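The data below hold one chain only, encoded as structure tokens and taken in the form solved without its partner chain.
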């Protein structure tokens, strides 16, 4: 019964307003746009969330309920939905070797082990990243480790062993975003930044976590890796559903 009008922004500055009820997923809105825009229907097409105030942005995952995501938005919000190509969204499924470390046979076997087993296998990703200090234009280099449940950090004066590892954040409690203009705004070492915060946060908060990578490659590895850990088999299912429409 619950209905909502969503203004979807196109790349050429134009907009297309759709009627979206409480039952529609990002998958359904995309199929609707596919018919109306007459696009090539490639897997990179996605819904894209932008927060102009906090200057953060992320892809919608295809299984996400659109109304539910927009219900977190304030009445006076500046937030926009965009329809554009993001080739990073399913990068692991096109080239799994770029993340889990190749021909069609070895690509298939690697993905079936990582996604089609009993539990998911998350890339063995670890490295130092710059974490922003709460409310301060100050950044600190800490060693981080990617796990199935969340990201773990090495406390200053501890070792890499799992017993010494403390949990930084759990993926259940955050969406992952790109950080925009973090270098200029907060004196981030680079602009290769990702942002971890709860869907409900719509303004400045200490619980918005800002992480800066040394290069563009490191950013790509962490965003893809965290999305694998957070979304798991559903992300694989999203991709298979997208290939069938291409």
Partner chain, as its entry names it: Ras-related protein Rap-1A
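Only residues modelled in both forms are compared. Here, rigid core means the biggest group of C-alpha atoms that superpose within 1.5 Å across both forms. Numbering follows the first chain given and starts at 1.
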{"property": "Missing-residue flag, residue 101, threshold a third of other entries", "result": "yes"}
{"property": "Between neighbours residue 167 and residue 166, residues that the deposited sequence lists but the model omits", "result": "none"}
{"property": "Residue range whose averaged C-alpha B-factor is higher in the record, 107 to 115 or 73 to 81", "result": "107 to 115"}
{"property": "Between 172 to 180 and 145 to 153 (mean CA B-factor, as deposited), the higher", "result": "145 to 153"}
{"property": "Candidate residues 64, 44, 53, 40, the one whose C-alpha B factor the record puts highest", "result": "40"}
{"property": "Residue 25 CA temperature factor, ranked by third within the chain", "result": "middle"}
{"property": "Third of chain Cα B-factors occupied by residue 58", "result": "lowest"}
{"property": "Third of the chain's Cα B-factor distribution that residue 49 belongs to, per the entry", "result": "lowest"}
{"property": "Residue 132, C-alpha B-factor rank within chain (lowest, middle or highest third)", "result": "middle"}
{"property": "Among modelled residues of the same chain, the CA temperature factor third for residue 36", "result": "highest"}
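Not on display, but discussed next: the form solved in complex with its partner chain.
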| query | finding |
| --- | --- |
| Interface segment, criterion being heavy atoms within 4.5 Å of its partner chain in the deposited complex, picked from 21 to 29, 5 to 13, 219 to 227, 232 to 240 | 5 to 13 |
| Exercise: residue 36 in contact with its partner chain in the deposited complex, heavy atom 4.5 Å | yes |
| Identity of the moved residue from 80, 94, 142, 158, C-alpha shift 2 angstroms or more, core fit between this form and the one not shown | 158 |
| After core alignment, residue runs (3 or more) whose Cα moves 2 Å or more between this form and the one not shown | 154 to 158, 160 to 164 |
